[PDB]
Amino acid sequence: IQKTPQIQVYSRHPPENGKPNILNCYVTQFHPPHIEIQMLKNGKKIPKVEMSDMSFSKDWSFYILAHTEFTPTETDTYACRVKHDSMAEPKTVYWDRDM
Amino acid sequence: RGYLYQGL
Amino acid sequence: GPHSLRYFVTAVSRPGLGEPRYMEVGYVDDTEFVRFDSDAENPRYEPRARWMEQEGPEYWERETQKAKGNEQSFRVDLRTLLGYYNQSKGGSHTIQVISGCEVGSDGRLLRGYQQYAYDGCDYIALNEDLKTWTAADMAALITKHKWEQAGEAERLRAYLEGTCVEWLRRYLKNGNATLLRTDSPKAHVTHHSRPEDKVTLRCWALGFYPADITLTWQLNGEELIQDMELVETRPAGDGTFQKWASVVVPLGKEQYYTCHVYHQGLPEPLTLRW
């Protein structure tokens, strides 16, 4: 069986330029477990990235969280790029601060 | 405290 | 209320790239508190919650030794299943296990469990009676008879009502300041225009704990759960959770819709409208 991941990008609190926050990329409902998650800032890979909250649903699909601290800016852009065997081509999800 | 699993 | 101690273990082989990756993640409700990863620079059991600093060095030594035994055990497991299923030694396969127990607010055992999965499908599981097993296929049937002859159910049962429940109480005691707290959700609604004189209303609920929460959009006093769009409650990276539910309504009639939020941290349910 193969399940494509659901990539969700969001922040701890509502975005406020200059105000410390936390950016999250929750990859869920995927299978097999092998996956590659990269948090990007202005197209550049973020080094300070903590992986946590790993688990699976009753469906047995996998769930994992990638998060990093960050202070939003008006010109700064953030995205999460995932690589999974069910995609063939990396999927880069962008952070939409106005969602 | 985790469990010490048995072989399948 | 009730509390639980859960362990998510995963073993996945990677032929041609060395030994299989072995992982263990424990939760004392919705908060990760311990973990083991064979891919770490120096594989060892480590705390994932601050209150776990209350456990002595011996704790980490014992849990690490056990985790390592488990790893070898699961490495063999993957080989064994290749034979049960007559599969090739060149493909990657996965074994998943979830075991734990739940207790009421008084601390008494409410339920115990342990279920295995192979390649994403049910394999074998302990029945609620905590005395017998249920195999999903003939492969899992081989394991059933193996465990039956080894009195594995007795061993498991002793752990579930024994070690599992008792250590769960202790974890809730040591991390009570963290595990027994309640963070009330903070909500707000966003408005997005749609191509068709339609408007999208999204209700956001943030900074709450525990994770259990209910978000339902109303109209004329009737829940629109049928036309509601949501995302599963998710971790916000700091120990809290967030969620959102949206509804598409006719532009100009966004005032007739209301979002209701229920949560332990809300003495009275929240009611929002654009």
# chains A, B, ... in the order shown; residues from 1 in each chain; ligands from 1

call {"tool": "residues_around", "arguments": {"residues": "range 112-121 of chain C", "least_positions_apart": "4", "cutoff": "8 Å", "atoms": "only C-alpha atoms", "output": "JSON, numbers by chain"}}
result
{"A": [1, 31, 32, 59, 60, 61], "C": [93, 94, 95, 96, 97, 98, 99, 100, 101, 102, 125, 126, 127, 128, 130, 160, 161]}

call {"tool": "residues_around", "arguments": {"residues": "range 49-53 of chain A", "least_positions_apart": "5", "cutoff": "7 Å", "atoms": "only C-alpha atoms", "output": "list in words"}}
result
residues 64, 65, 66, 67 and 68 of chain A; 32 of chain C

call {"tool": "residues_around", "arguments": {"residues": "residue 214 in chain C", "least_positions_apart": "3", "cutoff": "12 Å", "atoms": "only C-alpha atoms", "output": "mmCIF file with C-alpha atoms, in the first residue's frame"}}
result
data_model
loop_
_atom_site.group_PDB
_atom_site.id
_atom_site.type_symbol
_atom_site.label_atom_id
_atom_site.label_comp_id
_atom_site.auth_asym_id
_atom_site.auth_seq_id
_atom_site.Cartn_x
_atom_site.Cartn_y
_atom_site.Cartn_z
ATOM 1 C CA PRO C 185 -8.335 27.792 22.927
ATOM 2 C CA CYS C 203 -12.711 29.296 12.207
ATOM 3 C CA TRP C 204 -9.311 29.007 13.878
ATOM 4 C CA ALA C 205 -8.729 27.538 17.352
ATOM 5 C CA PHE C 208 -5.094 24.786 23.533
ATOM 6 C CA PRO C 210 -5.513 18.893 25.754
ATOM 7 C CA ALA C 211 -5.990 18.192 22.043
ATOM 8 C CA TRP C 217 -20.496 25.961 12.244
ATOM 9 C CA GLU C 223 -25.225 22.342 12.905
ATOM 10 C CA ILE C 225 -21.330 19.443 10.125
ATOM 11 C CA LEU C 230 -11.694 20.788 8.550
ATOM 12 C CA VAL C 231 -8.236 19.539 9.365
ATOM 13 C CA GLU C 232 -7.363 17.072 12.109
ATOM 14 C CA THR C 233 -6.268 18.671 15.382
ATOM 15 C CA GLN C 242 -4.626 24.049 16.868
ATOM 16 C CA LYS C 243 -7.418 23.368 14.410
ATOM 17 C CA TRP C 244 -9.690 25.059 11.921
ATOM 18 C CA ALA C 245 -13.088 24.442 10.371
ATOM 19 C CA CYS C 259 -18.706 28.908 14.842
ATOM 20 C CA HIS C 260 -19.064 27.095 18.159
ATOM 21 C CA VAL C 261 -16.000 25.982 20.131
ATOM 22 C CA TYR C 262 -16.159 23.434 22.971
ATOM 23 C CA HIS C 263 -13.173 22.504 25.114
ATOM 24 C CA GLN C 264 -12.354 21.732 28.741
ATOM 25 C CA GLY C 265 -10.722 25.156 28.936
ATOM 26 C CA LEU C 266 -13.997 26.801 27.956
ATOM 27 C CA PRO C 269 -18.607 27.132 24.600
ATOM 28 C CA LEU C 270 -17.278 29.923 22.401
ATOM 29 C CA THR C 271 -19.512 31.456 19.736
#

call {"tool": "residues_around", "arguments": {"residues": "residue 35 in chain C", "least_positions_apart": "6", "cutoff": "8 Å", "atoms": "only C-alpha atoms", "output": "list in words"}}
result
residues 23, 24, 25, 26, 45, 46, 47 and 48 of chain C

call {"tool": "residues_around", "arguments": {"residues": "residue 181 in chain C", "least_positions_apart": "2", "cutoff": "12 Å", "atoms": "only C-alpha atoms", "output": "list in words"}}
result
residues 1, 29, 31, 172, 175, 176, 177, 178, 179, 183, 184, 208, 209, 210, 211, 239, 240, 264 and 265 of chain C

call {"tool": "select_by_dssp", "arguments": {"residues": "range 218-268 of chain C", "states": "helix (DSSP H, G or I)", "output": "count of residues only"}}
result
6
